[PDB]
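Peer 1: Could you have a look at this structure, given as structure tokens, before my questions?
Values in this text are rule-based calculations from the coordinates and carry no lab data. Because the Cβ atoms are built from the backbone with ideal geometry, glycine has one as well, and the counts that use them run over all protein chains shown.
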Amino acid sequence: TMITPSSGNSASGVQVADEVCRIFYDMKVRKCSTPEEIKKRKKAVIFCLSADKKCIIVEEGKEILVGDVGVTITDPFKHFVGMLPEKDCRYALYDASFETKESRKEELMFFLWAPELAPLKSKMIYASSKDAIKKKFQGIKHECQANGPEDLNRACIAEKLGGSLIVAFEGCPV
């Protein structure tokens with residue numbers, strides 16, 4: 001067929017970047033030599049396709065620090081949604097710090113931050129890019145898409161977690 005164009009993005013065909021295998025891993029669990037700096041090691045993140053738009057990739061200017069949560073942030077998540085605009089989509093792992101029926105158990109969550117306005121390319125791409133990233137997002141912890149910065153809602157994330165069995169997000173704070 002017309003496979004001449006190897007954009008690896010027109011028909012969703014990126015290649016992840018390996019940093020993704022470190023993103024789902026940057027917010028894994030207690031992995032923090034000493035978390036008093038580890039949060040500054042950057043874990044929360046939004047990727048968005050390398051140059052030309054392909055490999056899942058931290059490339060746009062987003063990402064949270066997990067520990068930041070409490071300064072410019074305060075433990076919710078909407079701040080990170082701010083890092084999720086409407087002119088760009090992406091897969092993002094934000095070290096999620098929420099309790100649950102299990103209790104305080106930081107569990108990042110996949111974010112298919114995809115605005116209903118973004119360019120059909122970063123909306124049809126992820127369509128099949130969430131399989132490539134998944135190859136390294138073995139345990140995404142939470143595959144959660146957002147076709148509005150409201151699908152990232154903490155009450156809703158308190159449904160992706162509070163819909164199962166948590167205690168915070170869906171229980172204490174929301």
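Peer 1: Filter segment 77-116 down to the residues that are out of contact with any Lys or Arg (no Cβ under 9 Å at 6 or more places or on another chain) and among the polar types (S, T, N, Q), then identify the one that is surrounded by the fewest Cβ atoms within 10 Å (Cβ to Cβ).
Peer 2: Restricting to residues being out of contact with any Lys or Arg (no Cβ under 9 Å at 6 or more places or on another chain) and among the polar types (S, T, N, Q), the top hit is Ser103.
Peer 1: Using the structure shown, decide if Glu59 is without any contact (Cβ under 8 Å) to a residue 40 or more places away in the chain and touching a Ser or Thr at 6+ places or on another chain (Cβ under 9 Å).
Peer 2: Criteria met by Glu59.
Peer 1: Right, next: Tell me the helices (runs of 4 or more DSSP H) entirely within segment 1-85 that contain at least 1 residues that are among the charged types (D, E, K, R) and in contact with a helix residue (DSSP H, G or I) (Cβ under 8 Å, 6 or more places away or on another chain).
Peer 2: Helices (runs of 4 or more DSSP H) meeting the threshold: 19-26, 78-82.
Peer 1: Do we find a residue being over 12 Å from the mean Cα position of the chain (by Cα), within 15 Å of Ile46 (Cβ to Cβ) and buried (at least 23 other Cβ atoms within 10 Å of the Cβ) anywhere in segment 126-143?
Peer 2: yes
Peer 1: Here are some residues: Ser122, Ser97. Which one is within 15 Å of the chain's Cα centre (by Cα), assigned to a helix (DSSP H, G or I) and touching a residue at least 24 places away in the same chain (Cβ under 8 Å)?
Peer 2: Exactly one residue qualifies, and that residue is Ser122.
Peer 1: Hey, any hits in segment 40-48 for a residue that's of a type outside the set (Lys, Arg) and over 17 Å from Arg22 (Cα atoms)?
Peer 2: no
Peer 1: Condition first: closer than 18 Å to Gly82 by Cα and assigned to a loop (DSSP other than H, G, I, E, B). Now tell me which residues in segment 141-168 satisfy that.
Peer 2: Hits for segment 141-168 are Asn147, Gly148, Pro149, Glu150, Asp151, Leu152, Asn153.
Peer 1: Just the residues that are under 17 Å from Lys62 (Cβ atoms) and either without any contact (Cβ under 8 Å) to a residue 24 or more places away in the chain or in contact with a strand residue (DSSP E or B) (Cβ under 6 Å, 6 or more places away or on another chain) (or both), please, taken from segment 125-136.
Peer 2: Once the filter is applied, which keeps residues that are under 17 Å from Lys62 (Cβ atoms) and either without any contact (Cβ under 8 Å) to a residue 24 or more places away in the chain or in contact with a strand residue (DSSP E or B) (Cβ under 6 Å, 6 or more places away or on another chain) (or both), segment 125-136 yields only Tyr126.
Peer 1: Same structure, new question: Pick from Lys31, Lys53: which is closer than 21 Å to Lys123 by Cα and either crowded, with 18+ Cβ neighbours inside 10 Å or without any contact (Cβ under 8 Å) to a residue 12 or more places away in the chain (or both)?
Peer 2: From the options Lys31, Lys53, the qualifying one is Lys53.
Peer 1: Kindly indicate whether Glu60 is surrounded by fewer than 22 Cβ atoms within 10 Å (Cβ to Cβ), over 30 Å from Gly163 (Cα atoms), of a type outside the set (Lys, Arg) and touching a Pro at 6+ places or on another chain (Cβ under 9 Å).
Peer 2: Considered against the rule, which asks whether it is surrounded by fewer than 22 Cβ atoms within 10 Å (Cβ to Cβ), over 30 Å from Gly163 (Cα atoms), of a type outside the set (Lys, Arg) and touching a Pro at 6+ places or on another chain (Cβ under 9 Å), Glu60 comes out as yes.
Peer 1: Related question: Please go through segment 100-113 and pick out each residue that is in a loop (DSSP other than H, G, I, E, B) and in contact with a strand residue (DSSP E or B) (Cβ under 6 Å, 6 or more places away or on another chain).
Peer 2: Hits for segment 100-113 are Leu108, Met109.
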